[PDB]
Each structure stands twice: as C-alpha cells, then as structure tokens.
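Peer 1:
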Ligand SMILES: Cc1cc2nc3c(=O)[nH]c(=O)nc-3n(C[C@H](O)[C@H](O)[C@H](O)COP(=O)(O)OP(=O)(O)OC[C@H]3O[C@@H](n4cnc5c(N)ncnc54)[C@H](O)[C@@H]3O)c2cc1C
Ligand SMILES: [Au+]
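Numbering (the UniProt record's numbering), first residue to last: 34 to 617.
#1: What residues come near ligand 2, if near means a beta carbon less than 5 Å from any of its heavy atoms?
#2: Is residue 541 helix, strand or coil by DSSP?
#3: Can you give the Cα-Cα distance for residue 72 and residue 124, rounded to whole angstroms?
#4: Taking the DSSP output, what are the residues bridged to residue 104?
#5: Between the stretch 301–313 and the stretch 277–286, do three or more beta carbon pairs fall short of 8 Å?
#6: Indicate, with yes or no, if ligand 1 has a heavy atom lying under 7 Å from the CB of residue 206.
#7: Say the cut is 7 Å; is the CB of residue 148 nearer than that to a heavy atom of ligand 1?
#8: Out of 234, 437, 53, 254, which has the shortest C-alpha to C-alpha gap to residue 166?
#9: Excluding sequence positions up to five away, which residues of its chain have a Cβ less than 6 Å from the Cβ of residue 207?
#10: Whole angstroms is fine: what's the gap from residue 619's alpha carbon to residue 99's?
#11: Which residues share a DSSP beta bridge with residue 165?
#12: Can you check the stretch 475–552 for any alpha helix (DSSP H) of at least 4 residues that lies completely inside it and give the ranges in chain order?
#13: Over what stretch of residues does the alpha helix (DSSP H) that includes residue 227 continue unbroken?
#14: Can you determine whether any heavy atom of ligand 1 sits closer than 7 Å to the C-beta of residue 21, and answer yes or no?
#15: If you draw a straight line from the alpha carbon of residue 113 to that of residue 244, how long is it in whole angstroms?
#16: Helix, strand or coil, according to DSSP, for residue 331 in the structure here?
#17: Identify whether residue 371 lies in helix, strand or coil by the three-state DSSP scheme.
#18: With C-beta atoms as the reference, is residue 342 less than 8 Å away from residue 376?
#19: In terms of residues, what are the limits of the alpha helix (DSSP H) holding residue 27?
#20: Comparing alpha-carbon positions, which option in 60, 80, 288 lies nearest residue 172?
#21: State the DSSP-derived secondary structure class of residue 27, mapped to helix, strand or coil.
#22: Mind checking residue 204: buried by the 16 CB within 10 Å criterion, or exposed?
#23: Going by alpha carbons, who is nearest to residue 432 out of 263, 363, 537, 596?
#24: What did DSSP end up calling residue 311 once you bin it into helix, strand or coil?
#25: Are the Cβ atoms of residue 509 and residue 571 separated by less than 8 Å?
#26: Residue 600 and residue 573 - do their beta-carbons sit closer together than 8 Å?
#27: Just the C-alpha distance for residue 128 and residue 52, rounded to the nearest angstrom, thanks.
#28: So, for residue 326: in the same chain, excluding its five sequence neighbours on each side, which residues have a beta-carbon less than 6 Å away from its beta-carbon?
#29: Which residues bound the beta strand (DSSP E) around residue 286?
#30: By the DSSP assignment, the alpha helix (DSSP H) with residue 590 in it spans what residues?
#31: Ordered along the chain, which non-local residues of its own chain (more than five positions away) have a Cβ less than 6 Å from that of residue 106?
#32: Less than 7 Å separating the Cβ of residue 468 from some heavy atom of ligand 1?
#33: Return helix, strand or coil for residue 136, following the three-state DSSP convention.
#34: Under 8 Å: do the stretch 290–301 and the stretch 145–164 share three or more Cβ pairs, one atom per stretch?
#35: Please report the distance separating the alpha-carbon of residue 625 from that of residue 136.
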C-alpha cells in the first residue's frame, strides 16, 4: 500500500493498452474479443493467477474508483469497465487506442539476445516497439546479421566448433568399440560454411520474428539525445530522430584489444574467428578467460598448433582448483602455455596470398616477467583478453544515466537513474554476462512494462558452463569464496574424482573427471556451490540449479537415487570430505 499503489500507477501510465482481468469472470471475455476483432493489440493480467492478486483488486479501486475487474487503460487514460468500453464506437475506439504522443512505446538499442526477446514479448502485450541493431564492423572488416553476439560470434558458432573438436576424439574412441576408422584431414572451410549456413538461417529467423510481431526492426545505430528521443543513423549515412515513451539500452559488449603496436592491424578476435576464410594455422591466443581457453581448446583438437599466452592465472573469477584442472587437461592433450607473459608487439613479417593458398606469418614479442625476452612466429594472433561494454557513443552523457566500470548501473527491475531508461543483458552491472539471463531479463521486463506484473528476474544460483575440451559447469560459490564468505569452520567440501563408463573401453586417463559440492554447515548443510568437470557438464548441471533455488542441502542429494550409468549420478553418492584428507 501507499508506496505500492504509486508503483502500479507508474506501470499503468507507462504501459500501452492494458486490461486487468480474471479467469472465471464473463465480461472480461467480451472486451478482449472485441479488441482482437478490431486488431487492437493489448496486454492483460489475470489477477486470479497471482496470490498477491487481492492487493491489486484493492489498489485499482484507489486508482479508478471501481470495484470489480475488468479495468481498461489506453496508455494511462482510464477507459472504464465493460459497459464503458461498449458505449464507444467501433471507429472512435480504434482511434482512441492509438492516440500516442510518441512514435514508439519502446525503442530498444541493440538486437541481441536480450533486445530481441524483450522486443517480441512486449509486442505480444500490445506495445508499439522499435528495435535498433547495427553491427559496427571489426577492424579487419567483419560484419553479421541480426541476432547479436551469441548467434553470430559466440555461443552458437562456438559450440559448433567444439562439437567438431569433440568428434575428433570420439572417432579415436570408436576403434576401441570395434569400428575400423581411418578418419582423414579436417577441412576448416567446409565446417565454417555449414556453421555460417546455420547462423544465416538464424539471422533470417530473428528478422522474420520481429516482422511477424510488429516490431520495427531498424538496421541502424542508436544514440540517446534525451529521455524521450533517440537519434538513429543508418547503413547509408542518414540521420533520423524518433520519439518513444521508454528507452531500453541493450547494446552488449565487444572484444578488448590491448594497447600495443599491431593489435588491431594484424590480430583478430572472436568476432572474426567464426567466419575466417582460411585455416588459422599456427595460432597464439592471448588471455586466460573462458573465450580464450574454449577457442584454444577446439582449435587444438581440430589440428591447429595452439599456444596460449597467460598474464597470470587461468579463469580469474572461477574456482581456482577447477581452473587448474581445465588447464592441466588442455595441456596433457596439446595446448602449449606460456605464463606469465603479456605480449608487447605484433609485427608482420609476411602477407597472406589467396592467389595462391598460403598463410601470413606474424612475429609476436613479449616480456617473460623476470625477464627473459619472448619472440616467436604465428599465422594467427587471437586476442581473447576481455570484453568492453557498449556504453560510450550511445549518448549516456545526455540523460546522465549512471555507470560503473563502464557498465550501466541498474536496480532490481533493470532500471537506471532516469526512470524510463532501462538496461538489460551484458551492459548492465547485474549478473554474469550470459544469453539466457539476457533473455529472461527481457521477457520479465516486457511483462512489468506492458502487463503491470511484478515478476522480477533472479540473479542468484545461475548456472554456467565453460566448453573446454573437457567441460566445466558450476553453480554457486567457488570454494575460496564460500570459505571467505561463511568461514573455514563453517564449510565442508565433498568431492570425488571418477571415470565415465564410456572411457573405460578406450583406456583414457582414469580419475580425470571430477565433482565437488560446497557445504555451509551452519545453514543446515546447505549446498552453496556445485562444480563439475567432465563431458556434458552443461547437461549434468542444469537440473541442480533448480534444487539450489529450492534450498538444497547435502541430505537432499543423498536421498536422491541416481541414474546408472551416468556421469551425474556421482552427486547423489558423495562421501569423502577435504577436511578428512581421504583420497577422492
Ligand atoms: C565467444 C563467446 C562465447 C559465448 N558463449 C556463451 C555461451 O555458451 N553461453 C552463454 O550463455 N553465453 C555465452 N556468451 C555470452 C553471450 O554471448 C552474451 O551474454 C549475450 O550475447 C548478451 O546478449 P545481449 O543482448 O546483452 O548483448 P548482445 O547479444 O551482443 O547484443 C548487442 C547487439 O547490439 C548491437 N549494438 C551495439 N551498439 C549499438 C547501438 N548503439 N545501436 C544499435 N545496435 C547496437 C551489437 O552489434 C549487437 O548485435 C558468449 C560470448 C562470447 C563472446
Ligand atoms: Au564423467
């Protein structure tokens, strides 16, 4: 109440056409059917499916002065109950439900994972919405279609290359299983065509979706001029201001290059790798982030001579034991590491020649800490250091939207310091930079803006997985972080090394695959961390995220019967602790 009433007023006004409803109520039917008949796009909320739905009933009477539902609004103007909507003509209602002020209800800057999702979901609940997306090309020249980082230049192409890499070992395994296989060379270009086919079908599918939902896809660069107007600047060079009630920033990030001679003019990044014409050849990856080690990982298994140059430690921010095991493995099966090193120069000794099939060579220099010098020669330098949020150049200075470390600061409804400017997915200072989280952020905001719902998105207990040659999934805290957060005295860690059955016949190292649970003994042996290293870590791990949201404890895993034979059953049977010292 009081504070709550005003929160609902604010949603009603900033919505479009909006019907408060109930399942078992007859009249709400009538109104909605009429709105469908006149192509009037709206967005309902069934108070019956809420359980704080009572508050709403009473809150709405504060606002409108009417007792029952249905209760209709046209962008903040109360239109009335059922008998009120019917007294307005077939022509003049359609007119009334379009009175706008602004060109759009929502303009979305960026058509990535989050933008696209926010966009489709808001149009479903009646908003007139514009989606800006423009891919500023890479220093090298590269560009892609609609869909964002994941679709074009991340998750999708990344996991496909990985699968190509995983098959390499699967074929070596198949001889143990009785198959006579020789297997031949790997043609890089044939892979990249079928990858780039799939990305093109997704480019198309997303463009199609926006079109079928009445989202105006504008292929142009957005920039804020003030809280209700953005400046669009298109492929040609044109300019064109458009107005809007709500602005959503959703511009993602881009690869960071370090500040050294040759970085931009001779290196490449993830943006370029997935669309490369030729074999990358003898390749060097600079950085120990997830992008670097995944890329390194699948290039090596594809045949390439990979070297990874690490500044200090691997996967800063992930559990350092597990990072250890990721690197160790990667290293056992071919990836050469150079550590600690940062590169200092990139210089071009030779040219690439399509006339007539033969790769460029670059001399890279580095300081080997103490330091001896580093100097070696590669065909590809791949910078996989970090990624920078896309917040310079969008006019954030004009509205003074607050930032930190470059990320747009936001509250728990994804809103900035200026109350009609929201930000979602990677640019925000909420959460891990992941696609499903960009998506859900946006799906839920759509429902708050244009159905007046209170559903917020939960940024705790987020699962993640790194697709290294052997995969690492994790939820919750690292061991170090749980330790330092809850105290050494209050955490027990359960662990076990094990072997998938699928590896016993092919004689691949035993006790490499590994599982640990982090336990906060003080809070009823709550699971506060989950870590798995092995094949299909992503699958193994997804389901335990739900159990964690429901507050799983150790006894909750042990009462669960396992599935056999599976890698994931090991979590139902864990006994050895780290404090015991017993071998795992
Ligand atoms: C190599 C790699 C692998 C990854 N793998 C995974 C994975 O396996 N799983 C996972 O969950 N996540 C993964 N991620 C993260 C995931 O890709 C991102 O979390 C997700 O793409 C973010 O979506 P977004 O909508 O916030 O940003 P983006 O998808 O990047 O959306 C931003 C879009 O806006 C455009 N844009 C920027 N500025 C403007 C402007 N001013 N006007 C108009 N348009 C603009 C950009 O060109 C881009 O198309 C990976 C990322 C990388 C780099
Ligand atoms: Au396993």
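Beta carbons: idealized from backbone N, C-alpha and C, even for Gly.
Peer 2: Well, looking at it:
#1: Those residues whose C-beta sits under 5 Å from the nearest heavy atom of ligand 2 are, from N- to C-terminal order along the chain, 533, 546, 567, 600.
#2: In this structure, residue 541 counts as coil in the three-state DSSP scheme.
#3: The straight-line gap from Cα to Cα measures roughly 12 Å.
#4: DSSP, once it has assigned bridges, lists 53 as partnering residue 104.
#5: No, they do not touch.
#6: Residue 206 has its CB no nearer than 7 Å to any heavy atom of ligand 1.
#7: The nearest non-hydrogen atom of ligand 1 is less than 7 Å from the C-beta of residue 148.
#8: It is 254.
#9: Listed in chain order, the non-local C-beta contacts of residue 207 below 6 Å within the same chain comprise 214, local neighbours out to five positions each way being set aside.
#10: This structure cannot speak to residue 619, because the chain is shown only from 34 to 617.
#11: In the DSSP secondary-structure assignment, residue 165 is bridged to 142, 251.
#12: Counting only runs of 4+ residues, the alpha helix (DSSP H) found wholly inside the stretch 475–552 occupies 512–519, in chain order.
#13: Run containing residue 227: 221–245, per the alpha helix (DSSP H) assignment.
#14: No information on residue 21 is available, as it lies outside the stretch 34 to 617 that the chain covers here.
#15: Cα to Cα, residue 113 sits roughly 32 Å from residue 244.
#16: Here residue 331 carries a helix assignment [DSSP, helix/strand/coil].
#17: DSSP, read as helix, strand or coil, puts residue 371 in strand.
#18: Yes, Cβ-Cβ distance for residue 342 and residue 376 is below 8 Å.
#19: No answer is possible for residue 27: it lies beyond the span of the chain, which begins at 34 and ends at 617.
#20: It is 288.
#21: Here the chain covers residues 34 to 617 and nothing more, so residue 27 does not appear.
#22: The Cβ neighbour count for residue 204, taken over all protein chains shown within 10 Å, is under 16; the residue is labelled exposed.
#23: If you compare the alpha carbons of 263, 363, 537, 596 with that of residue 432, the shortest gap goes to 263.
#24: Three-state DSSP puts residue 311 in coil, outside helix and strand.
#25: Contact flag unset, no.
#26: In contact: residue 573 and residue 600 (Cβ atoms closer than 8 Å).
#27: As the crow flies, the alpha-carbon of residue 128 is around 17 Å from that of residue 52.
#28: These residues qualify, in order along the chain: 501.
#29: Taken as a continuous stretch (DSSP letters only), the beta strand (DSSP E) holding residue 286 covers 286–289.
#30: Note, residue 590: alpha helix (DSSP H), 587–591.
#31: Once the five neighbours on either side are set aside, the close Cβ partners of residue 106 are 45, 51.
#32: Inclusion of residue 468 in the 7 Å shell around ligand 1 follows from its C-beta lying nearer than that to a non-hydrogen atom of the ligand.
#33: Coil at residue 136, not helix or strand.
#34: Result no; under three Cβ-Cβ pairs closer than 8 Å.
#35: Any property of residue 625 remains undetermined from this structure, which presents the chain solely from 34 to 617.
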